[PDB]
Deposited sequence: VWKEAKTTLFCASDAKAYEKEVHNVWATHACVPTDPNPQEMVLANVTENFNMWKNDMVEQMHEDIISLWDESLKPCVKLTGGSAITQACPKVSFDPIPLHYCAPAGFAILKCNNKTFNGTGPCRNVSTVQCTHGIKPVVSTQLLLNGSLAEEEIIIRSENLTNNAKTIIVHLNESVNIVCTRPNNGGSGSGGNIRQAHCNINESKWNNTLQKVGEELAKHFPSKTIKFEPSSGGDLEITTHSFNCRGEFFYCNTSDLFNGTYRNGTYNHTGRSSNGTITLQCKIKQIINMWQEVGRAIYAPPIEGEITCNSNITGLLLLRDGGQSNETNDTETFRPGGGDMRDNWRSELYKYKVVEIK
């Protein structure tokens, strides 16, 4: 309804680029913030149409211009060339704050699906701290749902609408290029992955009850969405998830069809230099990988899925606003 401002712990001394950008762009966070509670109020919310998501999207686009300059950017006819130094890159949390005369309502119902009426409501200055993590397929380093796994969708009956699975328990994923030098891999403990898809399958069955629930790899598209793609320490990782989204939830029980060894699923990754951009329709070209070990230890906190008797779910992504939705779903700007 209005233009929000960002607050952060950034550090004028960190040369990490999120810190630099936030020192320029954000104000410091208020050390004790005021919440109010209002359980009588009940208001309505719609995570799929939230101006906060657009404002954040704009900020993160700007932060990626400042911070991860491509050596070459092609959009339309034009190629744009500029210096592309290697940088220190580690996302920091950002708070979105309502300006004077404006407030942010937070939905306190622990099981709110992002849509409709919410009974217990609060007013706040600012959202919680949201790390702006760019990825497809898996949502990384988010905040977990406090009670059950939540299924969010603009319209579950419309198979073209992205599904966000909000996990109540995180799944560790460790991705590393060790010190071919594009080659990398991710490890996930099969026990957890196995549990969580059983539990996701149970919820998905609640919404599609007759059907058997299967998980299968991404059918097609650009490599950024057919693999789990993300940025680790500046480098763009593309990680095959054929062994991850590979399973059947038949009859109260999940079977994992993907292959594992020593109870560990291992994803083969490549570090790439030609990137299909998430900011606009275009290509960006970056320099070859920095040397040594590149490792990111992350928590999977959510999934992005697309639906195709049987209902069958494949990993999705591509529109980074959904990532911001998955964190901003409980907030609305008012007055």
query	finding
Sequence order list of spans that the model leaves without C-alpha positions, deposited numbering	1-5, 185-192, 322-329, 357-358
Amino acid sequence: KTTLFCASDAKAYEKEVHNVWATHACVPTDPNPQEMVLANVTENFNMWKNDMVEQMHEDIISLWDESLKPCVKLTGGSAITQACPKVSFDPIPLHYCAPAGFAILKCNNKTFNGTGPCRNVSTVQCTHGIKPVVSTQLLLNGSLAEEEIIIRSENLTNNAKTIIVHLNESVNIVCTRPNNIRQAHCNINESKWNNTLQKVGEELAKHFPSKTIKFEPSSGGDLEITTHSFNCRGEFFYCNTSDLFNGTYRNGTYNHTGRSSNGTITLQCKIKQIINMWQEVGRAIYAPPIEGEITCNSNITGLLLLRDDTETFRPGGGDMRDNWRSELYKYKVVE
From here on, numbers count along this sequence of modelled residues.
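Note that the rigid core is defined as the largest set of C-alphas that superpose within 1.5 Å between two forms.
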item	value
Segment of greater CA departure in 8 other deposited structures of this protein, 67-75 or 252-260, core superposed	252-260
Farther-lying stretch by C-alpha RMS in 8 other deposited structures of this protein (rigid core fit) among 77-85, 132-140	77-85
Higher-scoring stretch by recorded Cα B factor average, 251-259 or 158-166	251-259
Given 287-295 and 45-53, the range whose Cα B-factors average higher in the PDB entry	287-295
Peak C-alpha temperature factor (PDB record), options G129, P99, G234, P91	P99
C-alpha B-factor winner, where the candidates are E146, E216, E190, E224	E146
Third assignment of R152 from its chain's C-alpha B-factors	lowest
Third assignment of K73 from its chain's C-alpha B-factors	lowest
B-factor third for the C-alpha atom of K15 within its chain	highest
Third of chain Cα B-factors occupied by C26	lowest
Chain third (lowest, middle, highest) by recorded CA B-factor, residue given as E58	lowest
